[PDB]
>>> print(open('start-v4.csv').read())   # CSV, C-alpha atoms and all ligand atoms
chain,number,residue,atom,x,y,z
Z,1,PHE,CA,-15.2,27.8,20.9
Z,2,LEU,CA,-11.4,28.0,20.9
Z,3,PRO,CA,-10.7,24.4,22.1
Z,4,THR,CA,-13.0,23.3,19.3
Z,5,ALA,CA,-11.1,25.4,16.7
Z,6,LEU,CA,-7.9,23.8,18.0
Z,7,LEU,CA,-9.6,20.4,17.5
Z,8,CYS,CA,-10.5,21.1,13.9
Z,9,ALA,CA,-7.1,22.6,13.2
Z,10,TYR,CA,-5.3,19.6,14.6
Z,11,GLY,CA,-7.5,17.2,12.7
Z,12,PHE,CA,-6.9,19.2,9.5
Z,13,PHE,CA,-3.1,19.1,10.1
Z,14,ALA,CA,-3.0,15.4,11.0
Z,15,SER,CA,-5.1,14.4,8.0
Z,16,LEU,CA,-3.1,16.7,5.7
Z,17,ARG,CA,-0.7,14.0,4.5
Z,18,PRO,CA,0.7,14.9,1.1
Z,19,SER,CA,2.6,11.7,1.0
Z,20,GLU,CA,-0.4,9.3,1.0
Z,21,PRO,CA,-1.2,9.4,-2.7
Z,22,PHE,CA,2.5,9.0,-3.7
Z,23,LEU,CA,3.6,6.1,-1.5
Z,24,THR,CA,4.3,3.5,-4.2
Z,25,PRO,CA,7.1,5.2,-6.2
Z,26,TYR,CA,9.1,5.9,-3.0
Z,27,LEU,CA,9.5,2.2,-2.2
Z,28,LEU,CA,10.3,1.0,-5.7
Z,29,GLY,CA,12.9,3.7,-6.4
Z,30,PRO,CA,16.5,4.0,-5.2
Z,31,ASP,CA,15.0,5.3,-2.0
Z,32,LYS,CA,14.7,1.8,-0.5
Z,33,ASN,CA,15.5,-0.7,-3.3
Z,34,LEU,CA,13.0,-3.3,-2.2
Z,35,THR,CA,11.6,-6.2,-4.0
Z,36,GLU,CA,7.9,-5.3,-4.6
Z,37,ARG,CA,6.8,-8.9,-4.5
Z,38,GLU,CA,8.3,-9.3,-1.0
Z,39,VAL,CA,6.7,-5.9,0.0
Z,40,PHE,CA,3.2,-6.9,-1.1
Z,41,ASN,CA,3.5,-10.4,0.3
Z,42,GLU,CA,4.9,-9.7,3.7
Z,43,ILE,CA,4.9,-6.1,4.8
Z,44,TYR,CA,1.2,-5.5,4.8
Z,45,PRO,CA,-0.4,-8.6,6.5
Z,46,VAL,CA,1.3,-8.0,9.8
Z,47,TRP,CA,-0.2,-4.5,9.8
Z,48,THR,CA,-3.6,-6.0,9.5
Z,49,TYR,CA,-2.8,-8.6,12.3
Z,50,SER,CA,-1.5,-5.9,14.6
Z,51,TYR,CA,-4.4,-3.6,14.0
Z,52,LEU,CA,-6.8,-6.6,14.8
Z,53,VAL,CA,-5.0,-7.6,18.0
Z,54,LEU,CA,-4.4,-4.0,19.1
Z,55,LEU,CA,-7.8,-2.3,18.3
Z,56,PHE,CA,-9.5,-3.8,21.4
Z,57,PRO,CA,-6.8,-2.8,24.0
Z,58,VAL,CA,-6.5,0.8,22.9
Z,59,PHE,CA,-10.3,1.0,22.5
Z,60,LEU,CA,-10.7,0.0,26.1
Z,61,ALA,CA,-7.9,2.2,27.2
Z,62,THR,CA,-9.7,5.2,25.7
Z,63,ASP,CA,-12.4,4.6,28.4
Z,64,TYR,CA,-9.8,3.7,30.9
Z,65,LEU,CA,-8.0,7.1,30.5
Z,66,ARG,CA,-11.1,9.1,29.6
Z,67,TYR,CA,-9.9,10.0,26.0
Z,68,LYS,CA,-7.2,12.4,27.2
Z,69,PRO,CA,-3.8,10.7,26.3
Z,70,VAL,CA,-5.1,9.0,23.2
Z,71,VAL,CA,-4.4,12.0,21.0
Z,72,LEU,CA,-0.9,12.1,22.5
Z,73,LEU,CA,-0.5,8.4,21.6
Z,74,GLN,CA,-1.6,9.2,18.0
Z,75,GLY,CA,0.8,12.0,17.7
Z,76,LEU,CA,3.8,10.1,19.0
Z,77,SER,CA,2.9,7.2,16.8
Z,78,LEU,CA,2.9,9.5,13.8
Z,79,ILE,CA,6.3,10.9,14.8
Z,80,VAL,CA,7.9,7.4,15.2
Z,81,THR,CA,6.1,6.1,12.0
Z,82,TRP,CA,7.5,8.9,9.9
Z,83,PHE,CA,11.0,8.6,11.4
Z,84,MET,CA,10.9,4.9,10.6
Z,85,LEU,CA,9.5,5.5,7.1
Z,86,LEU,CA,12.5,7.9,6.5
Z,87,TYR,CA,14.9,5.3,8.1
Z,88,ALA,CA,14.3,1.6,7.6
Z,89,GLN,CA,16.1,-1.2,5.7
Z,90,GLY,CA,15.5,-4.9,5.2
Z,91,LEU,CA,12.3,-6.7,6.0
Z,92,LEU,CA,11.8,-6.6,9.8
Z,93,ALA,CA,12.6,-2.9,10.0
Z,94,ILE,CA,9.7,-2.2,7.5
Z,95,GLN,CA,7.6,-4.7,9.4
Z,96,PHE,CA,8.0,-2.4,12.5
Z,97,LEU,CA,7.5,0.6,10.2
Z,98,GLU,CA,4.0,-0.7,9.3
Z,99,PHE,CA,3.3,-1.8,12.9
Z,100,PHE,CA,3.8,1.8,13.8
Z,101,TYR,CA,1.3,2.9,11.1
Z,102,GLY,CA,-1.1,0.4,12.5
Z,103,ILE,CA,-0.9,1.6,16.1
Z,104,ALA,CA,-1.3,5.1,14.6
Z,105,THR,CA,-4.5,4.1,12.7
Z,106,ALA,CA,-5.9,2.4,15.7
Z,107,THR,CA,-6.4,5.8,17.4
Z,108,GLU,CA,-8.6,7.4,14.7
Z,109,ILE,CA,-11.6,6.0,16.6
Z,110,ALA,CA,-10.2,7.6,19.8
Z,111,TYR,CA,-9.9,10.9,17.9
Z,112,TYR,CA,-13.5,10.8,16.6
Z,113,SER,CA,-14.9,9.6,19.9
Z,114,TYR,CA,-13.1,12.2,22.1
Z,115,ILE,CA,-15.2,14.9,20.6
Z,116,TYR,CA,-18.3,13.6,22.4
Z,117,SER,CA,-16.5,13.7,25.7
Z,118,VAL,CA,-16.1,17.5,25.9
Z,119,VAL,CA,-19.0,19.3,24.1
Z,120,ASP,CA,-22.7,19.4,24.6
Z,121,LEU,CA,-24.8,16.5,23.3
Z,122,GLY,CA,-27.0,18.6,21.1
Z,123,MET,CA,-24.0,20.4,19.6
Z,124,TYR,CA,-22.0,17.2,19.3
Z,125,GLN,CA,-23.6,16.3,16.0
Z,126,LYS,CA,-23.0,19.6,14.4
Z,127,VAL,CA,-19.4,19.9,15.7
Z,128,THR,CA,-18.6,16.3,14.5
Z,129,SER,CA,-20.1,17.1,11.2
Z,130,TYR,CA,-17.8,20.1,11.0
Z,131,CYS,CA,-14.9,17.9,12.1
Z,132,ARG,CA,-15.5,15.3,9.4
Z,133,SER,CA,-15.9,18.1,6.8
Z,134,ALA,CA,-12.5,19.5,7.9
Z,135,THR,CA,-11.0,16.0,7.5
Z,136,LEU,CA,-12.5,15.6,4.0
Z,137,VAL,CA,-11.3,19.1,2.9
Z,138,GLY,CA,-7.9,18.5,4.4
Z,139,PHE,CA,-7.7,15.2,2.5
Z,140,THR,CA,-8.6,17.0,-0.8
Z,141,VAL,CA,-6.2,19.8,-0.1
Z,142,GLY,CA,-3.3,17.5,0.7
Z,143,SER,CA,-4.0,15.4,-2.4
Z,144,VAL,CA,-4.1,18.4,-4.7
Z,145,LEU,CA,-1.0,19.8,-3.0
Z,146,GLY,CA,0.9,16.6,-3.5
Z,147,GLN,CA,-0.3,16.5,-7.2
Z,148,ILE,CA,0.8,20.1,-7.7
Z,149,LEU,CA,4.2,19.6,-6.0
Z,150,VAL,CA,4.9,16.4,-7.9
Z,151,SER,CA,3.7,17.3,-11.4
Z,152,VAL,CA,3.0,21.0,-11.7
Z,153,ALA,CA,6.0,22.0,-9.6
Z,154,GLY,CA,8.2,19.0,-10.5
Z,155,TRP,CA,9.5,18.7,-7.0
Z,156,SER,CA,10.8,15.3,-5.8
Z,157,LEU,CA,9.1,13.3,-3.0
Z,158,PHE,CA,12.0,14.0,-0.6
Z,159,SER,CA,10.9,17.5,0.2
Z,160,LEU,CA,7.3,16.3,0.1
Z,161,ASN,CA,7.6,13.7,2.8
Z,162,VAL,CA,9.8,16.1,4.7
Z,163,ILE,CA,6.9,18.6,4.8
Z,164,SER,CA,4.6,15.7,5.6
Z,165,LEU,CA,6.6,14.9,8.7
Z,166,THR,CA,6.7,18.7,9.5
Z,167,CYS,CA,2.9,18.8,9.2
Z,168,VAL,CA,2.4,15.8,11.5
Z,169,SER,CA,4.8,17.4,14.0
Z,170,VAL,CA,2.9,20.6,13.9
Z,171,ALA,CA,-0.3,18.6,14.4
Z,172,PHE,CA,1.1,16.9,17.5
Z,173,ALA,CA,2.4,20.3,18.9
Z,174,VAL,CA,-1.1,21.8,18.4
Z,175,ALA,CA,-2.8,18.8,20.0
Z,176,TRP,CA,-0.7,19.0,23.1
Z,177,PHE,CA,-2.7,22.0,24.3
Z,178,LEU,CA,-6.2,20.4,24.5
Z,179,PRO,CA,-8.5,21.1,27.5
Z,180,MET,CA,-9.6,18.6,30.1
Z,181,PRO,CA,-11.9,15.8,29.0
Z,182,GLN,CA,-14.1,16.0,32.1
Z,183,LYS,CA,-16.0,12.9,30.9
Z,184,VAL,CA,-19.1,-6.6,31.3
Z,185,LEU,CA,-19.2,-10.4,31.2
Z,186,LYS,CA,-22.9,-10.9,30.5
Z,187,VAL,CA,-24.1,-7.2,30.4
Z,188,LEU,CA,-21.6,-6.2,27.7
Z,189,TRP,CA,-22.1,-9.5,25.8
Z,190,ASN,CA,-25.9,-8.8,25.9
Z,191,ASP,CA,-25.2,-5.1,25.0
Z,192,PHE,CA,-24.2,-6.1,21.5
Z,193,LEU,CA,-26.3,-9.2,21.4
Z,194,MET,CA,-29.5,-7.1,21.8
Z,195,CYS,CA,-28.4,-5.2,18.7
Z,196,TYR,CA,-29.2,-8.4,16.7
Z,197,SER,CA,-32.3,-9.9,18.3
Z,198,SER,CA,-34.7,-8.1,16.0
Z,199,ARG,CA,-35.6,-8.0,12.3
Z,200,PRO,CA,-33.6,-4.8,11.5
Z,201,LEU,CA,-31.2,-5.2,14.3
Z,202,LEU,CA,-29.0,-7.9,12.7
Z,203,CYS,CA,-29.7,-6.7,9.2
Z,204,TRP,CA,-27.4,-4.5,7.2
Z,205,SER,CA,-24.6,-5.3,9.7
Z,206,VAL,CA,-22.7,-8.1,8.0
Z,207,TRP,CA,-23.4,-6.3,4.6
Z,208,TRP,CA,-21.7,-3.2,5.9
Z,209,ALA,CA,-18.9,-5.2,7.4
Z,210,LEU,CA,-18.2,-7.1,4.2
Z,211,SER,CA,-18.3,-4.0,2.1
Z,212,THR,CA,-15.8,-2.5,4.5
Z,213,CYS,CA,-13.8,-5.7,3.9
Z,214,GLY,CA,-13.9,-5.2,0.2
Z,215,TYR,CA,-12.7,-1.6,0.4
Z,216,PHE,CA,-10.0,-2.2,3.0
Z,217,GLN,CA,-8.7,-5.0,0.9
Z,218,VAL,CA,-8.7,-3.2,-2.4
Z,219,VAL,CA,-7.6,0.3,-1.5
Z,220,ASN,CA,-4.2,-0.7,-0.2
Z,221,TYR,CA,-3.2,-2.7,-3.3
Z,222,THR,CA,-4.9,-0.4,-5.8
Z,223,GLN,CA,-1.6,1.6,-5.8
Z,224,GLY,CA,0.4,-1.6,-6.5
Z,225,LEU,CA,-2.0,-2.5,-9.4
Z,226,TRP,CA,-1.6,1.0,-10.9
Z,227,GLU,CA,2.2,0.8,-10.6
Z,228,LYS,CA,2.3,-2.7,-12.1
Z,229,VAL,CA,0.1,-1.8,-15.1
Z,230,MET,CA,2.2,1.3,-15.7
Z,231,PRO,CA,5.8,1.6,-14.3
Z,232,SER,CA,6.8,4.9,-12.9
Z,233,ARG,CA,10.2,4.8,-14.6
Z,234,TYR,CA,8.7,6.0,-17.9
Z,235,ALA,CA,5.4,7.3,-16.7
Z,236,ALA,CA,3.8,9.7,-14.2
Z,237,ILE,CA,1.0,8.6,-11.9
Z,238,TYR,CA,-1.9,11.0,-11.1
Z,239,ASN,CA,-2.9,9.8,-7.7
Z,240,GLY,CA,-3.6,13.2,-6.1
Z,241,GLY,CA,-6.3,14.3,-8.6
Z,242,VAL,CA,-8.1,11.0,-8.6
Z,243,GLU,CA,-8.1,10.7,-4.8
Z,244,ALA,CA,-9.3,14.3,-4.5
Z,245,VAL,CA,-12.2,13.9,-7.0
Z,246,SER,CA,-13.1,10.6,-5.5
Z,247,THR,CA,-13.4,11.9,-2.0
Z,248,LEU,CA,-15.2,15.0,-3.1
Z,249,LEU,CA,-17.8,13.1,-5.1
Z,250,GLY,CA,-18.1,10.7,-2.1
Z,251,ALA,CA,-18.8,13.5,0.3
Z,252,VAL,CA,-21.3,15.1,-2.2
Z,253,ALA,CA,-23.1,11.8,-2.6
Z,254,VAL,CA,-23.2,11.3,1.2
Z,255,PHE,CA,-24.8,14.8,1.5
Z,256,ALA,CA,-27.2,14.1,-1.4
Z,257,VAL,CA,-28.3,10.7,0.0
Z,258,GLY,CA,-30.5,12.4,2.6
Z,259,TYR,CA,-31.7,15.0,0.1
Z,260,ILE,CA,-34.1,12.5,-1.5
Z,261,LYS,CA,-37.1,11.4,0.6
Z,262,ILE,CA,-37.4,7.7,-0.1
Z,263,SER,CA,-38.7,5.1,2.3
Z,264,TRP,CA,-36.3,2.2,3.0
Z,265,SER,CA,-38.9,-0.5,3.4
Z,266,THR,CA,-40.0,-0.3,-0.2
Z,267,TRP,CA,-36.9,-1.4,-2.1
Z,268,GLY,CA,-33.9,-1.1,0.3
Z,269,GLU,CA,-32.9,-4.7,-0.5
Z,270,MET,CA,-33.2,-4.1,-4.2
Z,271,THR,CA,-31.0,-1.1,-4.0
Z,272,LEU,CA,-28.4,-2.9,-1.8
Z,273,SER,CA,-28.3,-5.8,-4.3
Z,274,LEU,CA,-27.9,-3.4,-7.2
Z,275,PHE,CA,-25.1,-1.6,-5.5
Z,276,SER,CA,-23.3,-4.9,-4.8
Z,277,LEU,CA,-23.7,-5.9,-8.4
Z,278,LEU,CA,-22.3,-2.5,-9.6
Z,279,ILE,CA,-19.4,-2.9,-7.2
Z,280,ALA,CA,-18.6,-6.4,-8.5
Z,281,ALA,CA,-18.8,-5.1,-12.1
Z,282,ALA,CA,-16.4,-2.2,-11.3
Z,283,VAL,CA,-13.8,-4.5,-9.7
Z,284,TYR,CA,-14.1,-7.0,-12.5
Z,285,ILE,CA,-13.6,-4.2,-15.0
Z,286,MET,CA,-10.6,-2.8,-13.2
Z,287,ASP,CA,-9.3,-6.4,-13.3
Z,288,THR,CA,-10.1,-6.7,-17.0
Z,289,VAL,CA,-9.0,-3.6,-18.9
Z,290,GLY,CA,-5.2,-3.5,-18.9
Z,291,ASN,CA,-5.2,0.3,-19.4
Z,292,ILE,CA,-4.7,3.4,-17.3
Z,293,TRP,CA,-7.5,6.0,-17.7
Z,294,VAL,CA,-10.3,3.5,-17.8
Z,295,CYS,CA,-8.9,1.8,-14.7
Z,296,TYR,CA,-8.9,5.1,-12.9
Z,297,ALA,CA,-12.5,5.7,-14.0
Z,298,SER,CA,-13.6,2.3,-12.8
Z,299,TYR,CA,-11.9,3.0,-9.5
Z,300,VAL,CA,-13.7,6.4,-9.2
Z,301,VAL,CA,-17.1,4.8,-9.9
Z,302,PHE,CA,-16.3,2.0,-7.4
Z,303,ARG,CA,-15.5,4.5,-4.7
Z,304,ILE,CA,-18.7,6.4,-5.4
Z,305,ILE,CA,-20.9,3.3,-5.2
Z,306,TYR,CA,-19.0,2.3,-2.0
Z,307,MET,CA,-19.9,5.6,-0.4
Z,308,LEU,CA,-23.6,5.4,-1.5
Z,309,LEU,CA,-23.9,1.8,0.0
Z,310,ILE,CA,-22.2,2.6,3.3
Z,311,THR,CA,-24.1,5.9,3.6
Z,312,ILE,CA,-27.5,4.3,3.2
Z,313,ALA,CA,-26.3,1.5,5.6
Z,314,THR,CA,-25.4,4.2,8.2
Z,315,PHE,CA,-28.8,5.8,7.9
Z,316,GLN,CA,-30.6,2.5,8.3
Z,317,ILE,CA,-28.4,1.5,11.3
Z,318,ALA,CA,-28.7,4.8,13.0
Z,319,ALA,CA,-32.5,4.7,12.6
Z,320,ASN,CA,-32.3,1.2,14.2
Z,321,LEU,CA,-29.7,2.1,16.7
Z,322,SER,CA,-29.9,4.2,20.0
Z,323,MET,CA,-28.2,7.4,21.1
Z,324,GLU,CA,-25.8,5.7,23.5
Z,325,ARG,CA,-25.2,2.6,21.3
Z,326,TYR,CA,-23.2,4.2,18.5
Z,327,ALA,CA,-19.7,3.6,19.9
Z,328,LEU,CA,-20.5,0.1,21.1
Z,329,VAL,CA,-22.0,-1.0,17.8
Z,330,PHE,CA,-19.2,0.6,15.7
Z,331,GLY,CA,-16.8,-1.2,18.0
Z,332,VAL,CA,-18.3,-4.7,17.7
Z,333,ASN,CA,-19.0,-4.6,14.0
Z,334,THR,CA,-15.6,-3.2,13.2
Z,335,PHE,CA,-14.0,-5.9,15.4
Z,336,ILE,CA,-15.8,-8.7,13.6
Z,337,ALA,CA,-15.1,-7.1,10.2
Z,338,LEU,CA,-11.4,-6.9,11.1
Z,339,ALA,CA,-11.4,-10.5,12.2
Z,340,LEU,CA,-12.9,-11.2,8.8
Z,341,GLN,CA,-10.3,-9.3,6.7
Z,342,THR,CA,-7.6,-11.0,8.8
Z,343,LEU,CA,-9.0,-14.4,8.1
Z,344,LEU,CA,-9.2,-13.8,4.3
Z,345,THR,CA,-5.6,-12.5,4.6
Z,346,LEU,CA,-4.6,-15.8,6.1
Z,347,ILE,CA,-6.3,-17.6,3.1
Z,348,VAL,CA,-4.8,-15.5,0.3
Z,349,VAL,CA,-2.6,-12.5,1.1
Z,350,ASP,CA,0.3,-13.8,3.2
Z,351,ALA,CA,3.3,-15.5,1.7
Z,352,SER,CA,3.1,-18.3,4.2
Z,353,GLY,CA,-0.4,-19.4,3.0
Z,354,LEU,CA,-1.5,-19.6,-0.6
Z,355,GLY,CA,0.1,-16.3,-1.5
Z,356,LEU,CA,-1.8,-15.8,-4.8
Z,357,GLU,CA,-0.5,-13.1,-7.1
Z,358,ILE,CA,-2.1,-9.7,-6.6
Z,359,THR,CA,-3.1,-9.6,-10.3
Z,360,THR,CA,-5.2,-12.7,-10.1
Z,361,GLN,CA,-6.9,-11.9,-6.8
Z,362,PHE,CA,-9.7,-9.7,-8.4
Z,363,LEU,CA,-11.2,-12.4,-10.5
Z,364,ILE,CA,-13.3,-14.3,-7.9
Z,365,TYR,CA,-13.8,-11.0,-6.0
Z,366,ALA,CA,-16.7,-10.1,-8.3
Z,367,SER,CA,-18.4,-13.3,-7.0
Z,368,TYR,CA,-17.2,-12.4,-3.5
Z,369,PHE,CA,-19.0,-9.1,-4.0
Z,370,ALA,CA,-21.8,-11.1,-5.5
Z,371,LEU,CA,-22.0,-13.7,-2.8
Z,372,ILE,CA,-23.1,-11.0,-0.3
Z,373,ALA,CA,-25.6,-10.1,-3.0
Z,374,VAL,CA,-26.7,-13.7,-3.3
Z,375,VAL,CA,-27.4,-14.1,0.4
Z,376,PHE,CA,-29.1,-10.7,0.3
Z,377,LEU,CA,-31.1,-12.0,-2.6
Z,378,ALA,CA,-31.5,-15.3,-0.7
Z,379,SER,CA,-32.9,-13.2,2.2
Z,380,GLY,CA,-34.7,-11.2,-0.5
Z,381,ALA,CA,-36.1,-14.3,-2.0
Z,382,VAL,CA,-37.7,-15.4,1.3
Z,383,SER,CA,-38.7,-11.7,1.6
Z,384,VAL,CA,-40.1,-11.9,-2.0
Z,385,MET,CA,-41.8,-15.2,-1.0
Z,386,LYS,CA,-43.3,-13.4,2.0
Z,387,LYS,CA,-43.9,-10.1,0.2
Z,388,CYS,CA,-47.0,-11.1,-1.7
Z,389,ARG,CA,-48.5,-13.0,1.3
C,1,LIG,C1,1.5,6.5,5.4
C,1,LIG,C2,0.8,5.2,4.8
C,1,LIG,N1,1.0,4.1,5.3
C,1,LIG,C3,0.3,3.0,4.9
C,1,LIG,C4,-0.5,3.1,3.9
C,1,LIG,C5,-1.2,1.8,3.3
C,1,LIG,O1,-0.4,0.7,3.6
C,1,LIG,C6,-0.7,4.3,3.2
C,1,LIG,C7,-1.7,4.4,2.0
C,1,LIG,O2,-1.0,3.9,0.9
C,1,LIG,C8,-0.1,5.4,3.7
C,1,LIG,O3,-0.3,6.7,3.1
>>> encode(input="start-v4.csv", output="structure tokens")
Amino acid sequence: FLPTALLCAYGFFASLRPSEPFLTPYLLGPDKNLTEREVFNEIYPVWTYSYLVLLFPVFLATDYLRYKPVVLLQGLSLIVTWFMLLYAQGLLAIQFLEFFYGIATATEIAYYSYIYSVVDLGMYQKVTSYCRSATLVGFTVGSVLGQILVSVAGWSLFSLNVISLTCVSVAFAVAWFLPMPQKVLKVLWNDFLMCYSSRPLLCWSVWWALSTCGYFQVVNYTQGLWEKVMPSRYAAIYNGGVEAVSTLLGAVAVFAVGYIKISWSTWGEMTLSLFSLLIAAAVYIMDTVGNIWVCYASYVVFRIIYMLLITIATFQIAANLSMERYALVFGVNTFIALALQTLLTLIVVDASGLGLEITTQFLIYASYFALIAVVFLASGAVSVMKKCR
């Protein structure tokens, strides 16, 4: 019990990052004095590229080292990331800054998969439910703490990211004392291939991956959009409260998805298409309001619909999937999804390619969110063609 309590405490401390909601005013202010165009155009794409190229090696090293040193890697990466975030000037230094954050984020899969390597299989589901609940409540607590310390307390971000670094150091020091984790050419190629040679095997997969693409593309630059529609020089940004309420409602909706007994085979495609249409409407609205409270509201609704869609996707996949296939499928689909966001980054995001302005990148994205609905409807249309007969 005590190792598991240490696990949940370490996860709570590592996820407790008060500085996550308030990242954007730190860079724009006298703290770094960086051109935000250059930041948006160059700093972030190499993070995505490094995460793509580095996910596979560390994911295989987890099995190579039997999940033991990966938490140490995550802790050291947090330490070096926060040191570099406190000390970095120019362009290449901040490129390394974000490379460190990428190699840190690449080990969240290792964290969430190590839990299976030490506890009983029957108890694994309940303990990982407790772990994700701890992560969610730590996210909410950190967000509200940052909001209180920034607005209610009127404390500057300097002490806030100092205590963020202190918290990640405490997390590493706690995680150092874990117990022992006692636990491919054609076979592994067929291992993921068999997860697509059936009617429901291939289905929902690319849909989940492209929804993941939409979120991982919009969440990073939502901060920039909020800052550009309302400068922080003469305004205060309420990121902590919106993040807290969004995550709380997402968790509530995830819990409530299984609380209604509805068969998937009746109208699963219709619900998926409706969810995609709502997501496209939300992103087009947040593109086309030019205000502050309404754009937060649209963001909240978009987050909620995102959680509903991915949650029902996870139920469908897990019903289709097997007990030992979770890690492999979550690896392969994540890999192809990351290849896809990286590709689209080559088209639009980077300054070497087209480099379209962040403001004007959300126009077509409704049709991008609708194109996945069109092919779902195109698959639905054949299904509708075959439904009556
Ligand atoms: C530490 C840290 N690093 C990177 C990002 C996203 O680029 C975030 C979210 O804005 C963050 O909190």
>>> residues_near_ligand(input="start-v4.csv", ligand="ligand LIG 1 (chain C)", cutoff="10 Å", atoms="all atoms listed in the file", output="PDB file with C-alpha atoms, in the frame of the given file")
ATOM      1  CA  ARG Z  17      -0.700  14.000   4.500  1.00  0.00           C
ATOM      2  CA  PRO Z  18       0.700  14.900   1.100  1.00  0.00           C
ATOM      3  CA  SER Z  19       2.600  11.700   1.000  1.00  0.00           C
ATOM      4  CA  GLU Z  20      -0.400   9.300   1.000  1.00  0.00           C
ATOM      5  CA  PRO Z  21      -1.200   9.400  -2.700  1.00  0.00           C
ATOM      6  CA  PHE Z  22       2.500   9.000  -3.700  1.00  0.00           C
ATOM      7  CA  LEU Z  23       3.600   6.100  -1.500  1.00  0.00           C
ATOM      8  CA  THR Z  24       4.300   3.500  -4.200  1.00  0.00           C
ATOM      9  CA  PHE Z  40       3.200  -6.900  -1.100  1.00  0.00           C
ATOM     10  CA  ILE Z  43       4.900  -6.100   4.800  1.00  0.00           C
ATOM     11  CA  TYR Z  44       1.200  -5.500   4.800  1.00  0.00           C
ATOM     12  CA  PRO Z  45      -0.400  -8.600   6.500  1.00  0.00           C
ATOM     13  CA  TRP Z  47      -0.200  -4.500   9.800  1.00  0.00           C
ATOM     14  CA  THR Z  48      -3.600  -6.000   9.500  1.00  0.00           C
ATOM     15  CA  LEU Z  78       2.900   9.500  13.800  1.00  0.00           C
ATOM     16  CA  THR Z  81       6.100   6.100  12.000  1.00  0.00           C
ATOM     17  CA  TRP Z  82       7.500   8.900   9.900  1.00  0.00           C
ATOM     18  CA  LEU Z  85       9.500   5.500   7.100  1.00  0.00           C
ATOM     19  CA  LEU Z  97       7.500   0.600  10.200  1.00  0.00           C
ATOM     20  CA  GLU Z  98       4.000  -0.700   9.300  1.00  0.00           C
ATOM     21  CA  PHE Z  99       3.300  -1.800  12.900  1.00  0.00           C
ATOM     22  CA  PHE Z 100       3.800   1.800  13.800  1.00  0.00           C
ATOM     23  CA  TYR Z 101       1.300   2.900  11.100  1.00  0.00           C
ATOM     24  CA  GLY Z 102      -1.100   0.400  12.500  1.00  0.00           C
ATOM     25  CA  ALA Z 104      -1.300   5.100  14.600  1.00  0.00           C
ATOM     26  CA  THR Z 105      -4.500   4.100  12.700  1.00  0.00           C
ATOM     27  CA  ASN Z 161       7.600  13.700   2.800  1.00  0.00           C
ATOM     28  CA  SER Z 164       4.600  15.700   5.600  1.00  0.00           C
ATOM     29  CA  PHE Z 216     -10.000  -2.200   3.000  1.00  0.00           C
ATOM     30  CA  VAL Z 219      -7.600   0.300  -1.500  1.00  0.00           C
ATOM     31  CA  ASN Z 220      -4.200  -0.700  -0.200  1.00  0.00           C
ATOM     32  CA  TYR Z 221      -3.200  -2.700  -3.300  1.00  0.00           C
ATOM     33  CA  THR Z 222      -4.900  -0.400  -5.800  1.00  0.00           C
ATOM     34  CA  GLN Z 223      -1.600   1.600  -5.800  1.00  0.00           C
ATOM     35  CA  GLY Z 224       0.400  -1.600  -6.500  1.00  0.00           C
TER      36      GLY Z 224
END
>>> atom_distance(input="start-v4.csv", atom1="CA of residue 111 (chain Z)", atom2="CA of residue 61 (chain Z)")
12.9 Å
>>> closest_residue(input="start-v4.csv", among="Z:276, Z:15, Z:151, Z:205", to="residue 237 (chain Z)", atoms="only C-alpha atoms")
Z:151
>>> atom_distance(input="start-v4.csv", atom1="CA of residue 371 (chain Z)", atom2="CA of residue 295 (chain Z)")
23.5 Å
>>> closest_residue(input="start-v4.csv", among="Z:144, Z:239, Z:182, Z:302", to="residue 286 (chain Z)", atoms="all atoms listed in the file")
Z:302
>>> closest_residue(input="start-v4.csv", among="Z:3, Z:138, Z:380, Z:146", to="residue 247 (chain Z)", atoms="all atoms listed in the file")
Z:138
>>> residues_around(input="start-v4.csv", residues="residue 352 (chain Z)", least_positions_apart="5", cutoff="10 Å", atoms="all atoms listed in the file", output="number ranges by chain")
Z: 41-42, 346-347
>>> closest_residue(input="start-v4.csv", among="Z:103, Z:251, Z:94, Z:268", to="residue 57 (chain Z)", atoms="all atoms listed in the file")
Z:103
>>> atom_distance(input="start-v4.csv", atom1="CA of residue 386 (chain Z)", atom2="CA of residue 274 (chain Z)")
20.5 Å
>>> closest_residue(input="start-v4.csv", among="Z:28, Z:303, Z:156, Z:180", to="residue 231 (chain Z)", atoms="only C-alpha atoms")
Z:28
